[PDB]
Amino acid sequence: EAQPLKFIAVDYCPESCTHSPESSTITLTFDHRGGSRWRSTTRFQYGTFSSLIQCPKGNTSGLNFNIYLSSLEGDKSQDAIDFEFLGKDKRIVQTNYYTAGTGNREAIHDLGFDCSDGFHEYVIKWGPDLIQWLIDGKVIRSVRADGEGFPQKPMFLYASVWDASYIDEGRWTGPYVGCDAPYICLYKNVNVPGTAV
């Protein structure tokens, strides 16, 4: 069971995030101001998380748009589970998860569409032994604890837009060209789990 996320917090640059109780839509803008990041106001202990997302039009090289769970953004030993769009290529999405700070579980999926063409539904189902990633109702990846480290700390829902062109000398998301700024990423109908802590 999930229900609409009624309140969010904005972690930095609140001028670059728009939201309103009358709107089911949240927007994140990247431009010279440097992007922003919103989150749920509580953590959650397992459950189903979802959003419709429409990514920005234009040449998004360099940028990272995302929606993810994390025990605390900026923590070096965080638990987390990610959808990340890599701006150089809007027909793919990257999934990954972190256990006590250790990641390196990247997988690249072909979307079958351009993520800026319209709204699509991105879902994370997170349980104590199982993580599923779904796009438009289809399971694209799933993983189990398998006797190894697994995300178990309570986690916030997060989403940001940022300039990741500095990562891996631009190999990860591309150089930031920035010719279609402002880049507006749309989130609509965000839902969250009864497991808030």
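One-based numbering along the sequence shown.
A.B. asks: Select one of none, 1 to 3, 4 to 9, or 10 or more to describe the deposited residues without coordinates separating residue 193 and residue 194.
C.D. replies: In the record, 1 to 3 residues between residue 193 and residue 194 lack coordinates.
A.B. asks: Compare the mean C-alpha B-factor of 23-31 with that of 63-71 as given in the PDB entry, and name the stretch with the higher value.
C.D. replies: That would be 23-31.
A.B. asks: State which stretch shows the higher mean Cα B factor in the entry: 5-13 or 171-179.
C.D. replies: In the deposited entry, the stretch with the higher C-alpha B-factor mean is 171-179.
A.B. asks: Compare the CA B factors listed in the entry for 38, 162, 133, 166 and report the winner.
C.D. replies: Going by the entry's C-alpha B-factors, 166 comes out highest.
A.B. asks: Splitting the chain's C-alpha B-factors into thirds, which one does residue 82 fall into?
C.D. replies: Lowest third of the chain for residue 82's C-alpha B-factor.
A.B. asks: Ranking the modelled residues of this chain by C-alpha B-factor as given in the entry, is residue 104 in the lowest, middle or highest third?
C.D. replies: Top third by C-alpha B-factor.
A.B. asks: Looking at the temperature factor on the CA atom of residue 126, which third of the chain's modelled residues does it land in?
C.D. replies: Answer is lowest: the recorded C-alpha B-factor places it there.
A.B. asks: By its CA B factor, does residue 153 count among the lowest, middle or highest third of the modelled residues in the chain?
C.D. replies: Lowest third - that is where residue 153 ends up once the chain's C-alpha B-factors are sorted.
A.B. asks: Hey, what third does residue 91 fall into on Cα B-factor, ranked over its chain?
C.D. replies: Residue 91: CA B-factor falls in the lowest third of its chain.
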